[PDB]
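Residues 2 to 402, 405 to 460 in PDB author numbering are what the sequence shown lists, from first letter to last. Positions of the beta carbon are idealized from the N, C-alpha and C atoms, including for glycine.
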Amino acid sequence: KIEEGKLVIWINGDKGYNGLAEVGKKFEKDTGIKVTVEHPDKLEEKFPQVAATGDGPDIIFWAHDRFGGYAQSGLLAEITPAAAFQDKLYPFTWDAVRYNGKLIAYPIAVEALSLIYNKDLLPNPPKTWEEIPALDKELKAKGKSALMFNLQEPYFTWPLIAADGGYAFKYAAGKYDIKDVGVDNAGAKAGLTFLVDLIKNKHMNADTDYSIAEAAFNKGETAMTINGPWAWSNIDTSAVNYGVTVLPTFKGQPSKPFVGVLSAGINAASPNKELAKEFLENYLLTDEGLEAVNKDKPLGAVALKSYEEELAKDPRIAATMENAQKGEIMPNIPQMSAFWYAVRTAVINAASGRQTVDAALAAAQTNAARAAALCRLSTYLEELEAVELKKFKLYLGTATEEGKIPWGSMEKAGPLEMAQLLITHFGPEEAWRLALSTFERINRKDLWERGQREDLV
Ligand SMILES: OC[C@H]1O[C@H](O[C@H]2[C@H](O)[C@@H](O)[C@@H](O[C@H]3[C@H](O)[C@@H](O)[C@@H](O[C@H]4[C@H](O)[C@@H](O)[C@@H](O)O[C@@H]4CO)O[C@@H]3CO)O[C@@H]2CO)[C@H](O)[C@@H](O)[C@@H]1O
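Shown next as structure tokens:
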């Protein structure tokens with residue numbers, strides 16, 4: 002589509018898209034510009050595919066962790082808020098949408114997972130993960146269960162995996178080390194082992210997912226769930242009297258959720274960038290605009306200071322921010338999707354008994370490190386001129402060890420297939436050393452010097 006004089010917006014289907022459509026109708030009334038809100042499945046995987054063809058929505062909403070990869074691939078317009086508009090939003094929310102020094106999206110709202118609990122079944126929720134088996138043994142006798150939440154998406158199990166030490170990529174000196182992946186350390190093993198023990202002891206079912214847990218909680222069948230602010234609307238409509246509180250500790254350490262900033266990026270290919278700017282700054286990021294969305298599904302702690310001051314008086318929002326401060330803002334680097342895919346497979350395989358915890362997590366660390374390295378090496382090879390990539394292949398065609408890389412394999416391979424061949428054949432660490440040295444040899448000392456700086460700590 003991408004037609005001029007219309008805005009198309011994509012937002013995930015668990016968000017308040019009917020409220021956002023109401024903000025779109027006000028824009029249309031005031032300006033004559035139609036706004037279409039859609040919620041495609043897997044919108045966050047479809048956006049990079051269609052935007053790289055010059056198509057897609059004008060505006061895309063997702064948590065900020067996806068946006069670095071979109072920006073690195075050139076799919077997002079840099080946004081240009083004036084100083085006066087920037088002062089309307091909290092400074093840490095602007096940081097979450099900064100990539101390579103540029104603002105690449107409008108931050109909307111700060112999301113963190115909380116422990117949600119049914120006050121009639123459980124007037125005093127647990128402070129610890131460790132007491133949840135004893136607490137479930139009690140509720141079973143009453144015909145209930147202690148805790149159901151989505152085990153299919155690692156976003157929901159990460160708080161526990163990280164509590165005693167798990168991490169995605171090691172952070173220091175303001176930069177993330179994509180070679181130092183923390184999904185296989187002692188603390189991650191301990192958290193996932195606890196989760197799987199909960200399943201093997203029949204306190205949880207490995208196949209619980211979002212809709213199952215949400216239904217069970219909102220029907221009064223389970224005393225607790227783990228969810229974000231978007232889920233409160235549906236509990237409000239049910240008969241459940243709930244509270245929202247800090248996640249349980251594990252081995253005495255806070256559960257550490259990955260905090261998302263819901264963010265609106267502008268497609269690089271859109272011919273409507275100025276209208277999208279006007280819609281986001283003057284209609285959405287206002288008291289009325291955010292109230293319209295929030296009434297549909299709550300946003301969490303919004304980035305807009307004037308509205309957030311009213312929301313911050315809600316103890317549910319107090320709890321959301323308490324959990325946020327116990328966790329960490331997600332990285333936005335392009336390698337975050339590699340981390341998430343690897344962890345997702347590990348948690349599903351351990352929970353279903355397909356693999357042990359130790360083997361699931363050992364494979365997740367290898368998979369994440371390999372995919373992260375592929376991402377970086379691809380990006381660098383894409384910076385070679387086509388004539389320099391040809392010289393590169395001749396250099397690597399002579400690289401020894405069991406067998407070499409045959410000429411026909413490289414002959415018509417582009418930068419991504421070349422990155423894959425090198426990594427498949429040499430492993431991530433050697434693939435990168437060979438490519439770095441080859442950049443020096445074919446006289447791209449700019450790539451050589453910048454690549455050297457990647458691994459310095
Ligand atoms: O094939 C496996 C699955 O692939 C797809 O899911 C991927 C995503 O494409 C990745 O982006 C990532 O997802 C992260 C996500 O980026 C991160 O923001 C967080 O998502 C929260 C969201 O912030 C929050 O607002 C609310 O919507 O809940 C989301 C979690 O459900 O965490 C996600 C990780 O859990 O990783 C997954 C792979 O796990 C695809 O969409 C799936 O349909 C597919 O099965």
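The alpha helix (DSSP H) that contains residue i, what's its start and end?
i, result
"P49", "44–52"
"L8", "Here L8 belongs to no alpha helix (DSSP H); instead the beta strand (DSSP E) covers 7–11."
"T246", "Run containing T246: none in the alpha helix (DSSP H); it sits in the beta strand (DSSP E), 243–246."
"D178", "Looking at the DSSP string, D178 is not in any alpha helix (DSSP H); the run it does join, the beta strand (DSSP E), is 176–183."
"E154", "Run containing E154: none; DSSP gives neither H nor E here."
"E39", "Taken as a continuous stretch (DSSP letters only), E39 belongs to no alpha helix (DSSP H), being part of the beta strand (DSSP E) at 35–39."
"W410", "410–414"
"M205", "From DSSP, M205 is part of no alpha helix (DSSP H); its letter is neither H nor E."
"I236", "233–238"
Mind checking whether the beta-carbon of residue i lies closer than 7 Å to any heavy atom of ligand 1?
i, result
"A97", "no"
"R355", "no"
"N13", "yes"
"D66", "yes"
"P316", "no"
"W435", "no"
"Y168", "no"
"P155", "yes"
"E309", "no"
"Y342", "yes"
"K27", "no"
"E389", "no"
"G261", "yes"
Report the partner residues of residue i according to the DSSP bridge assignment.
i, result
"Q254", "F251"
"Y107", "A265"
"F259", "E329"
"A173", "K176"
"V303", "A110"
"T129", "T250"
"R99", "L104"
Give me, in chain order, the residues of the same chain whose beta-carbon lies closer than 7 Å to that of residue i; leave out the 5 immediate sequence neighbours on both sides.
i, result
"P41", "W11, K47"
"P127", "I133, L136, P249"
"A416", "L424"
"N324", "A113, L114, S115, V247, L248, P258"
"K190", "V358, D359, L362"
"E309", "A302, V303"
By Cβ distance below 6 Å, which residues in the same chain neighbour residue i in space, the five residues on each side in sequence not counted?
i, result
"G55", "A270"
"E39", "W11"
Return the chain-ordered list of same chain residues with a C-beta closer than 8 Å to the C-beta of residue i, the five sequence neighbours on each side being excluded.
i, result
"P49", "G70, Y71, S74, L76"
"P418", "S379, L382, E383, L385, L390"
"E5", "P272, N273"
Mind checking which residues open and close the beta strand (DSSP E) that includes residue i?
i, result
"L116", "115–119"
"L148", "146–148"
"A189", "No beta strand (DSSP E) holds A189; the alpha helix (DSSP H) holding it covers 187–201."
"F280", "Element bounds for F280: n/a, residue is neither H nor E."
"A224", "223–228"
When you measure from the CB of residue i to every non-hydrogen atom of ligand 2, does any distance come out below 7 Å?
i, result
"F62", "The ligand content of the structure shown is limited to ligand 1, which means ligand 2 is not among them."
Report task. Would you check if the region 183–196 and the region 157–171 touch, i.e. whether three or more CB-CB distances between them fall below 8 Å? Result -> yes
Query raised in the report: If we count Cβ pairs, one from each stretch, closer than 8 Å, do we get three or more for the region 146–161 versus the region 343–353?
Result: yes
Report task. Count the C-beta pairs between the region 221–239 and the region 100–117 that are closer than 8 Å, then say yes if the count reaches three, no if not. Result -> yes
Query raised in the report: Counting Cβ pairs closer than 8 Å, one from the region 267–284 and one from the region 330–343, do we hit at least three?
Result: no
Query raised in the report: Are the region 392–401 and the region 232–242 touching by the rule of at least three beta carbon pairs closer than 8 Å?
Result: no
Query raised in the report: Are there three or more Cβ pairs, one per stretch, closer than 8 Å when the region 201–215 is compared with the region 383–398?
Result: no
**Report entry** At least 3 beta-carbon pairs within less than 8 Å: the region 237–247 vs the region 18–34
**Finding:** no
Query raised in the report: Is the region 6–21 touching the region 287–303 in the sense that three or more CB pairs, one from each, lie closer than 8 Å?
Result: yes
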